[PDB]
């Protein structure tokens, strides 16, 4: 028996119940993980509220770093380097808010000795996302300039630090002075206000880039920024629309892609960049090498005992937390 946070009915933070729960057993292709640090994120709140549906009851959470206690059937050394005793991290766990949970081995990565559990749990999802955007969707190269919207958000901060480390000049957008400082500290060469008008904003970006425009735009904002993103691109540049935080982007007339400079539009999601354990492990290894070298840093701003998951969710939804929030079981 173990401590866990279980949701039997969807709703507000008040549905999170600290319970005694059977210790999980790993099924086919799964690892059993003894948690050291548990990620708290907005997606957790969407499952909790029922905005994203799933089978009830469930133990909440998908982000965890801990040690491998056991492996399920179908987990062999032929397929994974992961072994009992290894410190690992996954953003695909079932029932992460618990002392023990399970995760598919093919979506779990080793954590190097020089990366802490709290940072691993806080960084994996945002970090894999930044990895595929920067290495696969548009492979940035030294000398490029890119535009990253929402520079002070989780992915934006990692995109900015990582691209800067790869010799890329980063221009960002943020909504407040406080976020402007966070973005500058992450390596942004220029921090801009969100666009008021697409052509005015694009004109500003072109002036910053000697008339060229940016080689790529990483747009996780969507509705409010998309027109400006498209207008800011260098000839044959890539618009990576990977989120819609402000709302959905209206259908795009393909001729707009021609007028913008024969550009590329893509709407990726992480699923298509974590297709095998080999691909997952490659992205994670490069992420944790960079964190290990302090080329990427992830601030943890809130550490709660597992029992106070309710309070963590309240503080998260109230924006009382700056930086990542974790539970320690």
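Numbering follows the first chain given and starts at 1.
Comparing 172-180 with 210-218, which stretch shows the greater average C-alpha B-factor in the deposited entry? The stretch with the larger mean CA B-factor is 172-180.
Higher-scoring stretch by recorded Cα B factor average, 262-270 or 285-293: Stretch with the higher mean C-alpha B-factor: 285-293.
According to the Cα B-factor stored in this entry, which of the following is highest: 70, 65, 56, 60? Highest C-alpha B-factor among the listed options: 70.
Options 243, 237, 104, 156 - largest CA temperature factor per the record: Result of the comparison over 243, 237, 104, 156: 243.
How does residue 77 rank on Cα B-factor within its chain, lowest, middle or highest third? For residue 77, the deposited C-alpha B-factor lands in the highest third.
Using the B-factors in the PDB entry, rank residue 40's C-alpha atom against the chain and give the third, lowest, middle or highest. Its C-alpha B-factor belongs to the middle third of this chain's values.
Chain thirds of CA B-factor: placement of residue 247: Its C-alpha B-factor belongs to the highest third of this chain's values.
CA B-factor placement of residue 299, once the chain's modelled residues are sorted into thirds: Within its chain, residue 299 is a highest-third residue by C-alpha B-factor, going by the deposited values.
With respect to C-alpha B-factor, does residue 319 fall in the lowest, middle or highest third of the chain as deposited? As the PDB entry reports it, the C-alpha B-factor of residue 319 lands in the highest third of its chain.
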